[PDB]
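Chains as they are written, first to last, in full-length UniProt numbering: chain E, 52 to 237; chain X, 199 to 271, 293 to 306, 314 to 345; chain W, 105 to 138; chain G, 25 to 249; chain F, 88 to 268.
Just so it is clear, CB atoms sit at the ideal spot from N, CA and C, and this is done for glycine as well.
First the structure, in the form of structure tokens, and then the observations on it.
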Amino acid sequence: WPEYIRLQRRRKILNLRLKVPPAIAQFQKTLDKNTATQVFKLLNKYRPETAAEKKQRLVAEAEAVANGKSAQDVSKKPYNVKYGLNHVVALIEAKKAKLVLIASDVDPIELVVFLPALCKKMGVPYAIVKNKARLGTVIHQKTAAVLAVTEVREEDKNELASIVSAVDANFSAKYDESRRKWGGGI
Amino acid sequence: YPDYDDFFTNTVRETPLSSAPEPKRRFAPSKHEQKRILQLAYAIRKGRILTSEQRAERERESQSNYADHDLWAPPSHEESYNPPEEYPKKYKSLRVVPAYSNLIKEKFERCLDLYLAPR
Amino acid sequence: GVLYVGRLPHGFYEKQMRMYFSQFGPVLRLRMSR
Amino acid sequence: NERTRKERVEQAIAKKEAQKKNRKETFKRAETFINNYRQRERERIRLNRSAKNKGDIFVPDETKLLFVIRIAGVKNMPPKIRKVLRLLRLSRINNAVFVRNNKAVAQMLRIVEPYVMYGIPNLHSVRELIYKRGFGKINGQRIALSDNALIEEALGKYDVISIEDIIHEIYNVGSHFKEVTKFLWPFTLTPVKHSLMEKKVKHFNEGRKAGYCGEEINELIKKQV
Amino acid sequence: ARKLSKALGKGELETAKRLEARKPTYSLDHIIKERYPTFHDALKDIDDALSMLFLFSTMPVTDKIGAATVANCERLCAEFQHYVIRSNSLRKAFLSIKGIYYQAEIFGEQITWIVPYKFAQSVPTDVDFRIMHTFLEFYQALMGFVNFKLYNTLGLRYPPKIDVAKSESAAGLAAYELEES
RNA sequence: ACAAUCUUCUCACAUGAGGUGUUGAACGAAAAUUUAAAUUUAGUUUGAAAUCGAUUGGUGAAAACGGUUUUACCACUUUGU
RNA sequence: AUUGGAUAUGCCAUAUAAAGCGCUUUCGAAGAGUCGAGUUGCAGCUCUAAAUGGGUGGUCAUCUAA
RNA sequence: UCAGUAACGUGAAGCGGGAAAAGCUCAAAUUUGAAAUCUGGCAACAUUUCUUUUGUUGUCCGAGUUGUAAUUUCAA
Numbered sequence: 052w053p054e055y056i057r058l059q060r061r062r063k064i065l066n067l068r069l070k071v072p073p074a075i076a077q078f079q080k081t082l083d084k085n086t087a088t089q090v091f092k093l094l095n096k097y098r099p100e101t102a103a104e105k106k107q108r109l110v111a112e113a114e115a116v117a118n119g120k121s122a123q124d125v126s127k128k129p130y131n132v133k134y135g136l137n138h139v140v141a142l143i144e145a146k147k148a149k150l151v152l153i154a155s156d157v158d159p160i161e162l163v164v165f166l167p168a169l170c171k172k173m174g175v176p177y178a179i180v181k182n183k184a185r186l187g188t189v190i191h192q193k194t195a196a197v198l199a200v201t202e203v204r205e206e207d208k209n210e211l212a213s214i215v216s217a218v219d220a221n222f223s224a225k226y227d228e229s230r231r232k233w234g235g236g237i
Numbered sequence: 199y200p201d202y203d204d205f206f207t208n209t210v211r212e213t214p215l216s217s218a219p220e221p222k223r224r225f226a227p228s229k230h231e232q233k234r235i236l237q238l239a240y241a242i243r244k245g246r247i248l249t250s251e252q253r254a255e256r257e258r259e260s261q262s263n264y265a266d267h268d269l270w271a293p294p295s296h297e298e299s300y301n302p303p304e305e306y314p315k316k317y318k319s320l321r322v323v324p325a326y327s328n329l330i331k332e333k334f335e336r337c338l339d340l341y342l343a344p345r
Numbered sequence: 105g106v107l108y109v110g111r112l113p114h115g116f117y118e119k120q121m122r123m124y125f126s127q128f129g130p131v132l133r134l135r136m137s138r
Numbered sequence: 025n026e027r028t029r030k031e032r033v034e035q036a037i038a039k040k041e042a043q044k045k046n047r048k049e050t051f052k053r054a055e056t057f058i059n060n061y062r063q064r065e066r067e068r069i070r071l072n073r074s075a076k077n078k079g080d081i082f083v084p085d086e087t088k089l090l091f092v093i094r095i096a097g098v099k100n101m102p103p104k105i106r107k108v109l110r111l112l113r114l115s116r117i118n119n120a121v122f123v124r125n126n127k128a129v130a131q132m133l134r135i136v137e138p139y140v141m142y143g144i145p146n147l148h149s150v151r152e153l154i155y156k157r158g159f160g161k162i163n164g165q166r167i168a169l170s171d172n173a174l175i176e177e178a179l180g181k182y183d184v185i186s187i188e189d190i191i192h193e194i195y196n197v198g199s200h201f202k203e204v205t206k207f208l209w210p211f212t213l214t215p216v217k218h219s220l221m222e223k224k225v226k227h228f229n230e231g232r233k234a235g236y237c238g239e240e241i242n243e244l245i246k247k248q249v
Numbered sequence: 088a089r090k091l092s093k094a095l096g097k098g099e100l101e102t103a104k105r106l107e108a109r110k111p112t113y114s115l116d117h118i119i120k121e122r123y124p125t126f127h128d129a130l131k132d133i134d135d136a137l138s139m140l141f142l143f144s145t146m147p148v149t150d151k152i153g154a155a156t157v158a159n160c161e162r163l164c165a166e167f168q169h170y171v172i173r174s175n176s177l178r179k180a181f182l183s184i185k186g187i188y189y190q191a192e193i194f195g196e197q198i199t200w201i202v203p204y205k206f207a208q209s210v211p212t213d214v215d216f217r218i219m220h221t222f223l224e225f226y227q228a229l230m231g232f233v234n235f236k237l238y239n240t241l242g243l244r245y246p247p248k249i250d251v252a253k254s255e256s257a258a259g260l261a262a263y264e265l266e267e268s
């Protein structure tokens with residue numbers, strides 16, 4: 052074996068053989084396969100505009116202004132998913148977010164360990180999904196840590212009230228005692 | 199190893215937390231874009247940015263590259300439809323002549339011989 | 105055993121369920137009430 | 025080293041059929057069937073709507089023949105749809121055959137328009153289509169018409185000896201056009217995946233369309249072969 | 088392709104479209120410079136390239152073969168047919184069993200090219216089309232470079248103007264109008 | 001592919017004629033019909049909510065051997081051109 | 001000949017912007033194995049904080065470290 | 001200078017008098033009506049203590065939402 056692989060299987064197992072505190076225990080019990088395929092289907096409309104094609108619409112916005120036309124008077128308030136850890140902590144404290152999504156593999160685990168406790172207190176329905184990179188693909192990033200819907204348009208409000216009800220009923224309604232007991236030690 | 203003492207986060211807080219009022223810059227066009235538009239708009243008047251139609255039509259005169267500049271500043296064996304020298315096969319009519327399917331394998335073998343067979 | 109699954113998407117038939125439940129095992133009886 | 029090249033090719037033949045036989049019995053997710061019961065309900069509604077109080081057709085005129093191709097299919101289709109597919113000779117998708125335009129044909133052209141795309145055939149395109157994909161059902165076997173001797177042997181009763189004479193009886197569709205198509209097995213216009221994106225897209229076929237393509241049908245034929 | 092699959096594998100369709108137009112393509116200029124020094128020597132080795140240009144120009148579209156390059160195979164052979172007809176370079180012609188073998192002579196070098204009949208061909212399933220698409224690309228440059236030379240030698244346009252309406256009507260060399268440049 | 005074809009008018013003439021299409025469940029009125037049964041059938045209600053309560057007339061399309069089983073909106077223009 | 005900050009003047013600028021100070025029925029985030037105590041030669045070892053708190057000086061004054 | 005003074009042979013410091021005086025920058029509050037940020041590759045335009053220097057603009061990756069800019073540093 053190489054010099055590093057025999058570490059790469061051992062830190063896999065020392066997360067199992069030790070006593071995981073109940074704060075960290077919930078970060079391995081995770082939203083399932085099925086209900087984690089509709090959340091990202093709703094989000095794949097509300098992606099942030101790719102930075103290359105936000106400029107593309109900006110040169111198409113700045114060419115008519117150079118002639119006399121405009122669209123700022125008729126520009127409706129935009130929509131997208133809201134990301135970034137520091138922007139989503141303030142979206143929960145202000146009770147603006149409605150669905151917080153926590154990655155299950157943030158490397159320093161303290162970055163997100165207060166979020167399932169903050170979402171329980173502020174009444175923001177939450178779920179812990181796999182693969183921080185899977186969130187990163189949503190927002191044109193390498194690794195995202197968290198996302199949040201704060202406002203979908205009137206088109207998907209009826210869809211969102213249904214998909215949250217799948218999030219509480221599978222993550223929050225279940226997983227209710229494994230978050231209240233220690234983990235690991237297998 | 200006790201259970202999880204959620205003595206505080208047991209309930210739900212109903213209010214928001216930060217009390218400073220909502221700023222006015224969340225209810226109007228993004229003034230950072232409006233500054234960004236004016237940088238692009240100015241750039242058109244100085245003619246450094248080709249515009250959106252110019253984004254399209256200057257791609258279309260390209261991708262036509264077929265030798266636009268000058269770089270230089293065995294035979295048949297008398298075989299035909301009615302060959303009487305020997306009696314391949316003799317074909318009475320050109321319309322009755324079939325298609326010799328071995329030419330694809332023969333020409334590829336000759337092409338592969340110049341690159342793989344030695345000389 | 106018997107089951108009474110509710111909140112199905114409208115139009116779902118026993119032909120749809122028996123095609124799916126047979127992947128879980130034997131499907132003796134099925135009744136889509138109307 | 026042709027012996028080792030053939031043996032490795034023989035080793036390549038065995039691995040291709042093994043994975044084709046091993047990849048079997050894929051489980052059906054609960055999403056597929058409920059949509060199938062809906063897409064079939066959509067086709068049932070599309071059939072009765074186009075039949076009841078809709079007994080009129082568009083029939084793009086100025087063409088004695090038309091080009092109709094089933095660009096796709098319906099999983100567990102209706103019994104009337106499949107029999108019509110058996111009637112229209114497009115039993116398999118991506119099959120190529122030109123049919124004479126008629127009022128009865130337009131009824132069939134409006135019957136499977138949800139599952140097939142119609143249009144008009146070009147003059148020189150059909151001249152190359154027969155030259156490229158002319159594969160008649162020779163003794164029931166879809167053999168290519170590589171020589172006019174066999175064309176004169178089978179279509180001698182129809183007074184057709186050459187492909188040009190067959191095309192002249194097809195473009196200017198005569199009485200032998202129906203018999204020539206009866207003896208000819210339909211062609212297969214499988215869409216060609218050229219670029220690197222064509223092999224990656226999820227169940228895409230270079231973006232075919234549905235309806236009366238018209239000149240675009242000739243453009244589709246232009247990319248067909 | 089390991090940037091496109093990164094784009095296609097992350098669902099971003101637009102960067103998957105923006106990079107295939109700027110798909111990096113090498114140029115075939117300096118690789119025909121050194122291997123064929125003289126145009127007469129290039130005329131001497133123009134038989135197999137033009138024959139291959141006349142070979143794949145009549146078959147159906149293959150996966151490894153280029154559909155757009157088929158039009159290049161149609162345009163290059165027609166230009167070779169139009170320029171030779173304009174210069175009356177063809178001297179000997181035989182209608183053999185394989186087809187019509189045309190023996191011409193342009194710029195001093197006598198060249199023989201074999202052309203087959205337009206028959207209902209089928210895939211041989213044994214010729215490496217991957218190796219054929221590469222070899223045809225090596226023959227696509229010489230067909231155009233000679234057309235860049237022959238049309239300049241004859242005063243015509245390189246490439247000549249092609250009438251699409253006559254091409255859609257299958258006029259052959261009449262479509263590619265050999266207008267004097 | 002949990003993507004998909006439900007009608008953002010038509011036709012005539014300028015006046016017409018058309019435009020077939022809607023969860024479930026609970027609730028409950030008083031009248032008319034139609035042929036005792038059915039039909040129309042106020043007002044309700046509610047999370048695309050549900051825990052036995054199925055009614056049973058007619059039309060035929062394929063396998064099968066004239067019976068037989070299979071359709072999960074086959075409806076009276078009545079299940080495969 | 002290289003170079004300084006200026007003075008006047010020419011052309012550009014992009015300003016849909018930025019800044020000073022009133023006025024507030026509103027808010028006002030502040031640095032830890034550090035502070036601190038015990039203890040060996042400001043370092044070592046053991047232990048380990050708080051928010052009108054914490055530090056240094058006479059209940060007050062004065063400061064705002066890591 | 002306080003001063004060989006307080007304090008304990010060692011030995012300051014405050015005040016006062018001079019010289020010189022210039023202040024400030026981050027972390028911690030959401031840009032969320034839009035990562036507005038930056039390195040790099042290529043190409044044009046300059047420019048020089050300088051053909052040797054130093055930049056601007058266009059363009060393509062890349063860094064960056066585990067936080068790059070604007071804003072603020074308690075005097076507020």
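query = Can a CB atom of chain G be found closer than 9 Å to the CB of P324 (chain X)?
reply = True, the Cβ-Cβ gap to chain G drops below 9 Å.
request  = Answer yes or no: does any C-beta atom of chain G fall closer than 9 Å to that of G129 (chain W)?
outcome  = Taking 9 Å as the CB threshold, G129 (chain W) stays off the interface with chain G.
inquiry  = Between which residues of its own chain and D132 (chain F) is the CB-CB distance below 7 Å, once the five residues before and five after are set aside?
reply    = These residues qualify, in order along the chain: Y123.
inquiry  = I need the straight-line Cα distance from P302 (chain X) to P324 (chain X), nearest angstrom please.
reply    = Near 16 Å, if we compare the C-alpha coordinates of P324 (chain X) and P302 (chain X).
message = Do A178 (chain G) and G158 (chain G) have their beta-carbon atoms positioned less than 9 Å apart in this structure?
response = For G158 (chain G) and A178 (chain G), no; Cβs fall outside 9 Å.
query = With a Cβ-Cβ cutoff of 9 Å, do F143 (chain F) and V202 (chain F) count as a contact?
reply = No; because the gap between Cβ atoms is not below 9 Å, this pair is not in contact.
task = Kindly give me the distance between the Cβ atoms of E255 (chain F) and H148 (chain G), rounded to whole angstroms, as I take these residues to be in contact under 8 Å.
result = Between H148 (chain G) and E255 (chain F) the Cβ distance is about 6 Å, and since that is below 8 Å, they are a contact.
message = Please report the distance separating the alpha-carbon of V197 (chain G) from that of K206 (chain G).
response = Our two residues, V197 (chain G) and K206 (chain G), have alpha carbons roughly 14 Å apart in a direct line.
task = Taking only beta-carbon positions, decide if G115 (chain W) is within less than 9 Å of chain G.
result = Yes, its Cβ sits closer than 9 Å to a Cβ of chain G.
ask   = Is it the case that the CB of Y236 (chain G) approaches a heavy atom of the ligand ADP more closely than 8 Å?
value = No copy of the ligand ADP occurs in the structure displayed, which carries no ligand at all.
query = Hey, out of E:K146, E:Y177, E:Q192, whose CA is closest to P214 (chain X)'s CA?
reply = Of the candidates E:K146, E:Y177, E:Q192, the one whose C-alpha sits nearest the C-alpha of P214 (chain X) is E:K146.
message = Just verifying my parser: in three-state terms, what is the DSSP assignment at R166 (chain G)?
response = In this structure, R166 (chain G) counts as strand in the three-state DSSP scheme.
request  = Taking only beta-carbon positions, decide if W233 (chain E) is within less than 9 Å of chain X.
outcome  = Closer than 9 Å to the CB of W233 (chain E) there is at least one CB belonging to chain X.
task = From the DSSP output, read off the bridge partner residues of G186 (chain F).
result = F:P203.
inquiry  = Among the candidates F:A129, F:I218, F:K236, F:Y245, whose CA atom is the shortest distance from the CA of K151 (chain F)?
reply    = Taking only the C-alpha atoms, the option nearest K151 (chain F) is F:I218.
query = Where do the ends of the beta strand (DSSP E) carrying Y177 (chain E) lie?
reply = That run of the beta strand (DSSP E) goes 177–180.
key: Which listed residue (X:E298, X:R246, X:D204, X:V210) has its alpha carbon closest to that of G174 (chain E)   = Of the candidates X:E298, X:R246, X:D204, X:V210, X:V210 places its Cα closest to the Cα of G174 (chain E).
inquiry  = I'd like to check one pair, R98 (chain E) with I214 (chain E): are the Cβ atoms closer than 9 Å?
reply    = No.
query = Is the stretch 107–116 of chain F touching the stretch 166–175 of chain F in the sense that three or more CB pairs, one from each, lie closer than 8 Å?
reply = Too few Cβ pairs lie closer than 8 Å, so no.
query = For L208 (chain G), which of helix, strand or coil comes out of DSSP?
reply = Strand.
task = For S170 (chain G), count neighbouring Cβ atoms within 10 angstroms of its own Cβ and tell me buried if that reaches 16, exposed if not.
result = Answer is buried; the Cβ neighbour count reaches 16.
query = With respect to the alpha helix (DSSP H) encompassing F225 (chain F), which residues constitute its N-terminal and C-terminal limits?
reply = Where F225 (chain F) is concerned, the enclosing alpha helix (DSSP H) stretches over 216–241.
key: Beta carbon proximity, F51 (chain G) to chain W, threshold 9 Å   = Closer than 9 Å: yes.
ask   = Using the rule of at least 16 other Cβ atoms within 10 Å of the residue's Cβ for burial, across every protein chain shown, is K248 (chain F) buried or exposed?
value = So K248 (chain F) counts as exposed.
ask   = Measuring CB to CB, does residue 16 (chain E) end up less than 9 Å from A168 (chain E)?
value = This structure does not reach residue 16 (chain E), given that chain E is present from 52 up to 237, and the question cannot be answered.
query = So which of F:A257, F:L260, F:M230, F:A261 has the shortest CA-CA distance to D266 (chain X)?
reply = Considering only alpha carbons, the answer is F:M230.
CB contact below 9 Å: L142 (chain F) versus chain X = Residue contact with chain X for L142 (chain F): present (Cβ-Cβ distance below 9 Å to some residue of chain X).
request  = Could you list which residues in chain X have their beta carbon closer than 9 Å to that of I185 (chain G), in chain order?
outcome  = Those are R321, listed as they occur along chain X.
Candidates E:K128, E:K70, E:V71, of which the one nearest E205 (chain E) by Cα = With distances taken between CA atoms, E205 (chain E) lies nearest to E:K128 out of E:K128, E:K70, E:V71.
task = Within the stretch 150–208 of chain E, note down every full alpha helix (DSSP H) run reaching 4 residues or more, in order along the chain.
result = Uninterrupted alpha helix (DSSP H) stretches at least 4 residues long and entirely within the stretch 150–208 of chain E occur at 166–173, 183–189, given in chain order.
request  = For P219 (chain X), go through chain E and note every residue whose CB falls closer than 7 Å to its CB, in chain order.
outcome  = None at all; the shortest Cβ gap to chain E is about 11 Å.
task = Could you spell out where the beta strand (DSSP E) holding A136 (chain F) opens and where it closes?
result = Looking at the DSSP string, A136 (chain F) is not in any beta strand (DSSP E); the run it does join, the alpha helix (DSSP H), is 134–142.
request  = Let me know the secondary structure DSSP gives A122 (chain E) once reduced to three states.
outcome  = Under the three-state reduction of DSSP, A122 (chain E) is assigned to coil, being neither helix nor strand.
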